[PDB]
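What follows is one chain in structure tokens, specifically the form deposited in one PDB entry.
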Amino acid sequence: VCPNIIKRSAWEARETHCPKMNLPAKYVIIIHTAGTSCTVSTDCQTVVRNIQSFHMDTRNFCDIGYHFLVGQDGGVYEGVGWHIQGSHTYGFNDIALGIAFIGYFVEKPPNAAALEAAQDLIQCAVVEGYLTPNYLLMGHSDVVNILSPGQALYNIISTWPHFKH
């Protein structure tokens, strides 16, 4: 079953109304926040709240771009959640679930807790039906031209099942 998923009300998400997406998502994109990292709940919460505002205010997104985020606390934060579109990858925001690891992982990778959480969340995703049984996993930089999710992180995920080798 899905990990603890700390809801939007927890980190005080500015509430909005964004374009819902047809849930049988066919892909999974692993992206990294590229910004600061967090190790305790209260810190991750603040970072998530700020990524949303930035995304809405200066990026002009409808809400935070990611469906879910993962902190070094091993906690899984709801982004826009399952039922909403994302603003994370071009032409995939309505068909790919974007999971953002909070922090910067080009050299060093997320800890084992952060990683275990993503895979557990991905699993229930396929199990619950939010992901097609034959969905395809891939890195952010595999679809668009971006320095994400970082070598370290990339090398780990390329290891996971259904990864688009």
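Residue positions are given as counts along the sequence shown, with the first one as 1.
The form solved in complex with a partner chain is left out here; the points below concern that form.
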> Just to confirm, residue 59 within 4.5 Å of the partner chain in the entry with it bound by heavy atoms?
Replying inline: yes
> Might residue 66 be said to contact the partner chain in the entry with it bound, defining contact as any heavy atom within 4.5 Å?
Replying inline: yes
> Should residue 152 be classed as touching the partner chain in the entry with it bound when contacts are defined as heavy atoms within 4.5 Å?
Replying inline: no
> Is there a heavy atom of residue 72 no more than 4.5 Å from a heavy atom of the partner chain in the entry with it bound?
Replying inline: no
> Counting only heavy atoms and a 4.5 Å cut-off, does the partner chain in the entry with it bound sit next to every one of 37, 104 and 106?
Replying inline: no
> Out of the stretches listed (38-46, 22-30, 136-144, 107-115), which one is close to the partner chain in the entry with it bound, meaning heavy atoms within 4.5 Å?
Replying inline: 136-144
